[PDB]
Amino acid sequence: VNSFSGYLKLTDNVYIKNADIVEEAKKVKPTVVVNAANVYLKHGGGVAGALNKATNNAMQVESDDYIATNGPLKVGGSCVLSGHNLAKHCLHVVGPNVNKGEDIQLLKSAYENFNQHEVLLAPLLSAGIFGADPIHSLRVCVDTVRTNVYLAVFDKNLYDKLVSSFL
Ligand SMILES: Nc1cnccc1C(=O)O
């Protein structure tokens with residue numbers, strides 16, 4: 001049993017909800033929250049900007065030190081950093097950004113990072129400001145992630161379309 005409430009069960013291991021991820025993290029304090037990161041961990045907008053704002057910029061300060069030591073992530077890669085006031089840990093995952101011309105085949109590699117964690121709260125990788133089709137992102141998630149993933153979908157309209165169209 002876990003703390004996640006109000007999710008629709010899609011598969012054995014994937015759950016979905018219309019909830020504010022920044023509000024969901026604050027309520028649940030999950031072991032892992034996933035960030036929709038870029039390779040520079042520049043948390044300027046979208047999930048990264050909203051999560052970072054909710055940490056009062058402490059996520060960005062920690063991320064800048066990580067990049068200064070390690071250099072940029074790979075597209076499809078990840079790193080584990082603090083979850084600050086939102087979670088124990090934040091798994092920063094870089095999905096491909098279609099609005100930068102990145103290979104959508106890297107979305108499966110991105111989701112494979114989730115398999116290193118038994119339970120996660122996550123957004124749909126590469127969706128909205130990352131420019132991929134969220135229906136495709138949900139299909140790759142279901143077909144790639146084997147651990148227990150609780151997906152927070154921002155747009156009530158998109159949530160309903162994801163559920164209605166789910167095979
Ligand atoms: N699920 C979310 C929650 N908050 C902000 C953005 C999103 C998003 O997926 O864009």
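One-based numbering along the sequence shown. Values below: every heavy atom of this structure, side chains too, minus hydrogens, waters and symmetry copies. Both counts, for ligands and for their atoms, begin at 1 and track the order of listing.
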May I ask whether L107 and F130 are part of the same hydrophobic cluster, defined by side-chain heavy atoms of I, L, V, M, F, W, Y residues being less than 4.5 angstrom apart, directly or through others? no
Tell me whether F4 is reachable from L86 by hopping between hydrophobic residues (I, L, V, M, F, W, Y) whose side-chain heavy atoms are closer than 4.5 Å. yes
What's the shortest distance from [atom] to any protein heavy atom, and which residue and atom give it?
atom                   : value
atom 7 (C) of ligand 1 : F154 CB, 3.3 Å
atom 6 (C) of ligand 1 : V47 CG2, 3.7 Å
atom 3 (C) of ligand 1 : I21 CG2, 2.9 Å

Working for ring-ring contact (aromatic ring centres under 6.0 Å, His included), residues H117 and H89: CA-CA 10 Å; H117 302 278; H89 304 286; 7.6 Å; no
Please verify whether a non-hydrogen atom of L124 lies at under 4.0 Å from ligand 1.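 No, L124 has no heavy atom closer than 4.0 Å to ligand 1.
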Heavy atom of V22, distance to ligand 1 below 4.0 Å: no
Between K108 and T144, is the side chain to side chain donor-acceptor pair (under 3.5 Å) condition met? List the steps. CA-CA 7 Å; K108 187 171 183 76; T144 305; 2.9 Å; yes
Using 30° and 60° as the class boundaries, would you call the ring planes of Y15 and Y150 parallel, tilted or perpendicular?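 If you compare the ring of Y15 with that of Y150, the planes turn out parallel.
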Contacting atoms of ligand 1, where contact means under 4.0 angstrom from a heavy atom of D20: 4 (N)
Geometric N/O contact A152 with ligand 1, under 3.5 angstrom: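 Yes; the residue has a nitrogen or oxygen that sits under 3.5 Å from a nitrogen or oxygen of the ligand.
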Quick check: do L120 and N148 have side-chain heavy atoms less than 4.5 Å from each other? no
